[PDB]
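Just one chain follows, in the form deposited in one PDB entry, and it is written as structure tokens.
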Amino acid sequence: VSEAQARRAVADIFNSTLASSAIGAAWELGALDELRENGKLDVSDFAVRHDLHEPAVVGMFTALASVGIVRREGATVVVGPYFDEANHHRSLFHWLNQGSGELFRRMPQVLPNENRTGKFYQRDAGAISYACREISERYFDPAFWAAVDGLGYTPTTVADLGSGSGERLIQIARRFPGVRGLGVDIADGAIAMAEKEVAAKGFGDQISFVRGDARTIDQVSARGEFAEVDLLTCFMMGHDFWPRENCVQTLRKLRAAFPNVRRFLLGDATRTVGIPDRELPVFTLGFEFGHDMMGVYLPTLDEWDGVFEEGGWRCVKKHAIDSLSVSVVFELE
């Protein structure tokens, strides 16, 4: 209410922007892990160990300090009041900023209808793939590995739709050493990352990747390899199949393109309903706003339940995900 209160709050919003960006960068540059492990670090030492521009490192930590993630004491950076929560959700900040920053930055050019043709926004596919690797482990894994443990069979060939970093295929190969893996992704930067990772991790002879549009799966260049697939996975792009009639038809095409698939594991975030503006939790606003900016439909959880049957699949189990807006894993059959 007061003029002093408004001044602080606006300063906080301004500083939050820099802290937000610094969260994913601090994660990526290794500082969050060190803070988590030791509770404190020495800025100069850190900058020297990691060969970083020290004046910028000071600002990074200052940014974090400005909103209570961290607390500076002389030459020392110490864990702050909000560190565990921020560190828990760090990959969502990375997704927001390092991954998706160019979308949100260009709001004034992306909103006007006359600009909304062809490629009217840009994001960093590799940075998204990187963040999503942790989003997956942090939020979706317990459900994913529960679904994998409940398969009732040992997969031999697995296909992953919107494969990103390729980590899901690697993980399935670590679990089922005989398995062959095929990832489909529409993004060059994703394919590039994934091929690097399977090479580096020793899986190049077991896992391959094709650039293609899972929405039009029957057009994809790897047609002949789909007949041997007996496990299908799709995480964090289901909403891209929408709106509803498109999703139904894509699901029918997947059923037919993948005739030997027994189980199809599908994980995604969904659109929320009725959350107060002042009570929006982490991620939700960015997820929803980002996709509305991109002109991409986001179904609610309710809308998903309705499409599987017409899509030619039976939903056998459904898992709630903790604290990633409203997210879900479906086990389909």
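Residue numbers run from 1 along the displayed sequence. The term rigid core refers to the most C-alpha atoms you can superpose between the two forms while keeping them within 1.5 Å.
Just so it is clear, the following notes concern the form deposited in another entry, a form of the same protein that is not shown.
- Among the candidates 77, 135, 86, 198, the CA atom that moves 2 angstroms or more between the shown form and the other one after core superposition belongs to 198 alone.
- Once the rigid core is used as the reference frame, the Cα position of residue 231 differs between the shown form and the other one by 2 Å or more.
- Relative to the superposed rigid core, the position of the CA of residue 252 differs between the shown form and the other one by less than 2 Å.
- In this overlay on the rigid core, residue 221 has a C-alpha that sits 2 Å or more away from its partner position between the shown form and the other one.
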